[PDB]
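Novice: Fold the following for me, if possible:
(chains A, B, C, D, E, F, G and H, ligands or ions: 99)
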Amino acid sequence: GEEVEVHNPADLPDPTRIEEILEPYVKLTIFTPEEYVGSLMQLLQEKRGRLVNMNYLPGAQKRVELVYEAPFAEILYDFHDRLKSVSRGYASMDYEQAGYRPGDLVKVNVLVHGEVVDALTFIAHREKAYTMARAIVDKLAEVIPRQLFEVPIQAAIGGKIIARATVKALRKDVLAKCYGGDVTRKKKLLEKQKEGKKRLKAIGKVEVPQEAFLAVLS
Amino acid sequence: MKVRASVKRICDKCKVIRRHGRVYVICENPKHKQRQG
Amino acid sequence: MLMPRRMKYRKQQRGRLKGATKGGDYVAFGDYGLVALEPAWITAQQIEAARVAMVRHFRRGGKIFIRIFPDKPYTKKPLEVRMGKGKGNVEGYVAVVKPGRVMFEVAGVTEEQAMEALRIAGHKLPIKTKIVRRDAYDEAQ
Amino acid sequence: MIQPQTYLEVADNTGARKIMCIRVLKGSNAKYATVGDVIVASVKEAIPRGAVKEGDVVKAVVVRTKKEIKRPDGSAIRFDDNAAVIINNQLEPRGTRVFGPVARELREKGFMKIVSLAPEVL
RNA sequence: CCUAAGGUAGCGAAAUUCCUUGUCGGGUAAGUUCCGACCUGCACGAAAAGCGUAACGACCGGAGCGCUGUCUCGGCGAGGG
RNA sequence: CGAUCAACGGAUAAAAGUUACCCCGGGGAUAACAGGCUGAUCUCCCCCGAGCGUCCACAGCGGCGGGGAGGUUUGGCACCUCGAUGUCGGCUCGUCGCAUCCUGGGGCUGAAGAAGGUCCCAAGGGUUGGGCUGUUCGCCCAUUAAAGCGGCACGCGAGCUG
RNA sequence: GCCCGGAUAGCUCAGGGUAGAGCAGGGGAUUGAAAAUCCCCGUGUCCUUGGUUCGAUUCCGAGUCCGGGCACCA
RNA sequence: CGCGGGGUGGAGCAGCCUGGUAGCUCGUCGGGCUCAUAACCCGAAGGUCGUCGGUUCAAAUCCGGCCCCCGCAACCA
Ligand SMILES: [Mg+2]
Ligand SMILES: [Mg+2]
Ligand SMILES: [Mg+2]
Ligand SMILES: [Mg+2]
Ligand SMILES: [Mg+2]
Ligand SMILES: [Mg+2]
Ligand SMILES: [Mg+2]
Ligand SMILES: [Mg+2]
Ligand SMILES: [Mg+2]
Ligand SMILES: [Mg+2]
Ligand SMILES: [Mg+2]
Ligand SMILES: [Mg+2]
Ligand SMILES: [Mg+2]
Ligand SMILES: [Mg+2]
Ligand SMILES: [Mg+2]
Ligand SMILES: [Mg+2]
Ligand SMILES: [Mg+2]
Ligand SMILES: [Mg+2]
Ligand SMILES: [Mg+2]
Ligand SMILES: [Mg+2]
Ligand SMILES: [Mg+2]
Ligand SMILES: [Mg+2]
Ligand SMILES: [Mg+2]
Ligand SMILES: [Mg+2]
Ligand SMILES: [Mg+2]
Ligand SMILES: [Mg+2]
Ligand SMILES: [Mg+2]
Ligand SMILES: [Mg+2]
Ligand SMILES: [Mg+2]
Ligand SMILES: [Mg+2]
Ligand SMILES: [Mg+2]
Ligand SMILES: [Mg+2]
Ligand SMILES: [Mg+2]
Ligand SMILES: [Mg+2]
Ligand SMILES: [Mg+2]
Ligand SMILES: [Mg+2]
Ligand SMILES: [Mg+2]
Ligand SMILES: [Mg+2]
Ligand SMILES: [Mg+2]
Ligand SMILES: [Mg+2]
Ligand SMILES: [Mg+2]
Ligand SMILES: [Mg+2]
Ligand SMILES: [Mg+2]
Ligand SMILES: [Mg+2]
Ligand SMILES: [Mg+2]
Ligand SMILES: [Mg+2]
Ligand SMILES: [Mg+2]
Ligand SMILES: [Mg+2]
Ligand SMILES: [Mg+2]
Ligand SMILES: [Mg+2]
Ligand SMILES: [Mg+2]
Ligand SMILES: [Mg+2]
Ligand SMILES: [Mg+2]
Ligand SMILES: [Mg+2]
Ligand SMILES: [Mg+2]
Ligand SMILES: [Mg+2]
Ligand SMILES: [Mg+2]
Ligand SMILES: [Mg+2]
Ligand SMILES: [Mg+2]
Ligand SMILES: [Mg+2]
Ligand SMILES: [Mg+2]
Ligand SMILES: [Mg+2]
Ligand SMILES: [Mg+2]
Ligand SMILES: [Mg+2]
Ligand SMILES: [Mg+2]
Ligand SMILES: [Mg+2]
Ligand SMILES: [Mg+2]
Ligand SMILES: [Mg+2]
Ligand SMILES: [Mg+2]
Ligand SMILES: [Mg+2]
Ligand SMILES: [Mg+2]
Ligand SMILES: [Mg+2]
Ligand SMILES: [Mg+2]
Ligand SMILES: [Mg+2]
Ligand SMILES: [Mg+2]
Ligand SMILES: [Mg+2]
Ligand SMILES: [Mg+2]
Ligand SMILES: [Mg+2]
Ligand SMILES: [Mg+2]
Ligand SMILES: [Mg+2]
Ligand SMILES: [Mg+2]
Ligand SMILES: [Mg+2]
Ligand SMILES: [Mg+2]
Ligand SMILES: [Mg+2]
Ligand SMILES: [Mg+2]
Ligand SMILES: [Mg+2]
Ligand SMILES: [Mg+2]
Ligand SMILES: [Mg+2]
Ligand SMILES: [Mg+2]
Ligand SMILES: [Mg+2]
Ligand SMILES: [Mg+2]
Ligand SMILES: [Mg+2]
Ligand SMILES: [Mg+2]
Ligand SMILES: [Mg+2]
Ligand SMILES: [Mg+2]
Ligand SMILES: [Mg+2]
Ligand SMILES: [Mg+2]
Ligand SMILES: [Mg+2]
Ligand SMILES: [Zn+2]
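Specialist: Numbering: from 1, shown residues only, chains lettered A, B, ... in the order given. Ligands and ions are numbered 1, 2, ... in the order given. Below is the structure:
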């Protein structure tokens, strides 16, 4: 049967036995003046709204009304602002719920240092999710606590990573008193360090700070 | 302005001139304006 | 990138870089060629970068003749190491090119395609070069 | 004449009892803070269940100082303590009562809310 | 598989831990030091004693209070030069 | 005829270590500091235009390869100094370069504005206070127009610290 | 970035004449019904995109990525 | 990097001073015992010896290249 992937994209049913993930869609009507229409349609395209209908209320001459079925999530921040800006303010909007619908959606998992961070599991449309993952991976890179070992940051569409970033690798300048000249003495200290980073990489459980979550989730 | 060692036409509306020793490109597209340097 | 499949000797002395090229001075297989104007050890990585550049330019069509082969091993001491303790390790292979040598030839390709692929390819090599077109003089050779 | 390290009495009901100045918010390298200047400060002592607690980093306006301030009429005024009221980014008190006299300079420097809450403006 | 036998108790990033500012927790507005913990002990370990221990120490760390020209930051004054 | 007298022209028939408790004669014939020469390495700048950038090689980027500059890194070499050229870091006092951190002037922008990005000019002045650690660095706290980077024997011990 | 390779089913994987197996499942056999065991069965757009071939997972490109080398990395 | 050792059925080890021969224990598989499982008993398979090259009539063996693993060393500044 059916039920709702609720306030937890992580808490799915097992995408093993699955066949339809449903977005909420919405009946979206746009009262533009003139042929800002051209702008408007490009906007609703990348918002993945199907164009169902358009009608001219003639008289002078501008006035066009556009009807769209668009994923409910694809408004919600961003849209209203961009409706207003590409139309110098003259575009209006109204909508009502108009049900649910199948969507080609992917589960994108985010693992830091090999461990899946559930708190950052989301869900997107395969046309966009890379660009979504290409983004979080890099913002997470800039706010994760730099460790004693280099920390990988990754995003996977089920068992296949698609976007990769790496945190350093805080290290000790082990060669600081090395004005001998003999390269063997630099190698000795360099080997030991390389071996240790392996060891700290393998057993190194990094935790994401609650200050990083807020930084990625603004 | 694009200040480079190798200044060249970028589009066919680009035009190549010599100016104060350095080679210049001027064009109706300001992105293509280059002087050598 | 090219290296010999086997060698009698692993290391060999640097030699001099004198004279015009001994042979390979006439277009022999294609319609256009790139010829060297100065001597150099052209490395394999360079040859590979020139090949690929012209390939990319012939994404559909074309034959590329690479007429120089990097058979001379290139030696380098390990870094931060004093002089002595034997000759460096092989870290690569080079091809000895003297001026007049035909290094690459293209065929099956319009004149514009040929002189553009060879122009990029020149930009990948450490030497000045000249683009040439098969002559009656090549045929006579 | 407050500078980092200096302890101020907090003259409000926010719960702080002592704060230590960690920076005077006036220019890029100001040496000192006087009446009506803003400091960043660490809460060093507080009463339980207050609004601010020990360890918090707060903003505050100096409200009295022990070094006398000189006035353009030719007079000067001096207090027995260096004291402050904790404020927010809008320069508004975070408490609802201010205690003790405060200096008249707070009015021009834009702390009217504090000036009225005070029991005396000298 | 090998050994004469394969390090017990206790202790452990230590006057020992290299990698290393290990990790976690405390203390600080902020702590490569310090304290508590963990155990991956490069390379603790039982009279070259192991783990503790009240008292004692011009021994060496870490924190706070008090008080200060140490300092912000320098001024003045005295005497012997 | 007895020699791995193999350190193979073969010192004794017969021989290992250690010195931070060290000593003398010598050497800048020879290392460590700094200088120098060099510039692999390092920093910076270019050439080429493959690939990003919804569209678009060049707003911002720049595969593979190619050319240089600098002389701040680690080095190579062993040229003056071993009848001595005192080390790192700090404090103090600076002064210089500019590959500019801020401030002044511009061009381009994927520059509406404001605010950015990027490159060009520009060295007059300015470029904070703290926690940790000997640290230079760096990380953190609180600010700031900014919290520049380098040279001066990695400026500066007949100036101090230690 | 680089040298070696390595991206094949929901997962872990064997490999120039269109590629399978364990596994997860769904169903079935066994049972009184389960557990365990066993049988049966898929969508592979052989990672993405382009080209090479009469025939490409294979070969040539490019793109993103994974495991080990160097290198940046108080 | 320098020195020394090593890489052989699925695992852990012989064999190589030494050229012609691959062995031990466990594991796996087929059969027995048992009501059944293990233990135990009988029988069998599985190694071209890391990889390329050389020497040889003949290479696990001897010699060299390359790859990887282990131990030791890297000091006076
Ligand atoms: Mg030195
Ligand atoms: Mg160009
Ligand atoms: Mg014009
Ligand atoms: Mg070369
Ligand atoms: Mg050489
Ligand atoms: Mg030499
Ligand atoms: Mg060499
Ligand atoms: Mg060239
Ligand atoms: Mg106090
Ligand atoms: Mg009070
Ligand atoms: Mg507390
Ligand atoms: Mg025993
Ligand atoms: Mg022991
Ligand atoms: Mg024990
Ligand atoms: Mg420990
Ligand atoms: Mg510790
Ligand atoms: Mg130890
Ligand atoms: Mg720490
Ligand atoms: Mg803590
Ligand atoms: Mg605390
Ligand atoms: Mg805390
Ligand atoms: Mg804290
Ligand atoms: Mg800590
Ligand atoms: Mg500690
Ligand atoms: Mg402790
Ligand atoms: Mg002991
Ligand atoms: Mg012992
Ligand atoms: Mg004993
Ligand atoms: Mg004792
Ligand atoms: Mg004890
Ligand atoms: Mg007792
Ligand atoms: Mg005791
Ligand atoms: Mg004592
Ligand atoms: Mg302290
Ligand atoms: Mg004084
Ligand atoms: Mg005096
Ligand atoms: Mg006197
Ligand atoms: Mg002898
Ligand atoms: Mg001799
Ligand atoms: Mg002799
Ligand atoms: Mg002789
Ligand atoms: Mg004799
Ligand atoms: Mg002796
Ligand atoms: Mg000795
Ligand atoms: Mg001693
Ligand atoms: Mg003595
Ligand atoms: Mg003694
Ligand atoms: Mg003596
Ligand atoms: Mg002398
Ligand atoms: Mg000399
Ligand atoms: Mg000599
Ligand atoms: Mg010096
Ligand atoms: Mg000198
Ligand atoms: Mg140079
Ligand atoms: Mg030079
Ligand atoms: Mg340049
Ligand atoms: Mg593109
Ligand atoms: Mg464009
Ligand atoms: Mg120099
Ligand atoms: Mg030098
Ligand atoms: Mg020198
Ligand atoms: Mg000489
Ligand atoms: Mg000397
Ligand atoms: Mg002497
Ligand atoms: Mg003298
Ligand atoms: Mg200091
Ligand atoms: Mg300076
Ligand atoms: Mg300039
Ligand atoms: Mg700049
Ligand atoms: Mg400016
Ligand atoms: Mg704007
Ligand atoms: Mg503006
Ligand atoms: Mg700016
Ligand atoms: Mg600008
Ligand atoms: Mg200036
Ligand atoms: Mg300056
Ligand atoms: Mg300290
Ligand atoms: Mg500013
Ligand atoms: Mg600072
Ligand atoms: Mg120096
Ligand atoms: Mg110095
Ligand atoms: Mg001194
Ligand atoms: Mg000193
Ligand atoms: Mg002197
Ligand atoms: Mg000392
Ligand atoms: Mg002393
Ligand atoms: Mg540091
Ligand atoms: Mg084995
Ligand atoms: Mg034998
Ligand atoms: Mg059996
Ligand atoms: Mg029964
Ligand atoms: Mg071999
Ligand atoms: Mg033979
Ligand atoms: Mg053979
Ligand atoms: Mg045999
Ligand atoms: Mg053989
Ligand atoms: Mg010694
Ligand atoms: Mg030393
Ligand atoms: Zn143009």
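
Novice: quick one, helices of the chain?
Specialist: Chain wasn't specified; assuming chain A. A:37-46, A:79-85, A:129-141, A:183-202, A:210-216 (DSSP state H).

Novice: You answered for a different chain; I wanted chain D.
Specialist: With DSSP H, the ranges of helices along chain D come out as D:105-108, D:112-117.

Novice: Need the residues that contact stretch D:24-42.
Specialist: Contact with stretch D:24-42 is made by D:1-4, D:8, D:19-23, D:55-65, D:67, D:69, D:84, D:87, D:91, D:103, D:105-106, D:108-109, D:111, as judged by C-beta atoms under 8 Å, 6 or more residues apart in numbering or on different chains. (C-beta placed from N, C-alpha, C; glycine too.)

Novice: okay, the helices of chain D in TSV with distance to residue A:93 next?
Specialist: What follows is the helices of chain D, written out as TSV (distance: least, C-beta to C-beta, whole Å):
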stretch	distance to residue A:93
helix D:105-108	49
helix D:112-117	42
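
Novice: Can you tell me which of those is nearest to residue A:121?
Specialist: helix D:112-117 (46.7 Å; C-beta to C-beta).

Novice: so how far is residue A:172 from the residue of chain A found nearest RNA strand E?
Specialist: For chain A and RNA strand E, the shortest gap (C-beta to the nearest atom of the strand) falls at residue A:196, measuring 2.1 Å. As judged by C-beta to C-beta, to the nearest Å, residue A:196 and residue A:172 stand 10 Å apart.

Novice: Show the contacting residues for residue A:108.
Specialist: Per C-beta under 8 Å, 6+ apart, neighbours of residue A:108: A:121-124, A:129, A:132-133, A:155-157.

Novice: residue in chain D nearest to chain A?
Specialist: Closest to chain A within chain D is residue D:57: 15.2 Å, counting by C-beta to the nearest C-beta.

Novice: Might one say that that residue is in contact with residue D:20?
Specialist: No - counting by C-beta atoms under 8 Å, residue D:57 stays clear of residue D:20, with 10.6 Å between them.

Novice: out of these two, which sits in the more crowded spot?
Specialist: residue D:20 (16 against 12; other C-beta atoms under 10 Å in any protein chain shown).

Novice: residues touching the more buried one, list them.
Specialist: Residue D:20 sits in contact with D:5-8, D:41-42, D:44, where contact means C-beta under 8 Å, 6+ apart.

Novice: still on that earlier bit, looking only at neighbour counts, state which of residue A:196 and residue A:172 leads.
Specialist: Taking neighbours as other C-beta under 10 Å, residue A:196 and residue A:172 compare with residue A:196 leading, 14 against 10.

Novice: what's next to the lengthiest strand in chain C, contact-wise?
Specialist: Longest strand in chain C, counting residues (DSSP state E): strand C:89-97. The contact list for strand C:89-97 (C-beta under 8 Å, 6+ apart) reads C:2-4, C:10-11, C:15, C:17, C:21, C:36, C:39-45, C:47, C:68-78, C:103, C:127.

Novice: Name every strand pairing with the very next helix or strand once past that strand and say which way it goes.
Specialist: On the C-terminal side of strand C:89-97, the nearest following helix or strand under DSSP states H and E is strand C:102-107. The strands beside strand C:102-107 in its sheet (DSSP bridges) come out as strand C:32-36 (antiparallel), strand C:63-66 (antiparallel).

Novice: And the residue of chain A closest to RNA strand F?
Specialist: residue A:179 (3.6 Å).

Novice: ok, that residue - how many residues close by?
Specialist: 6.
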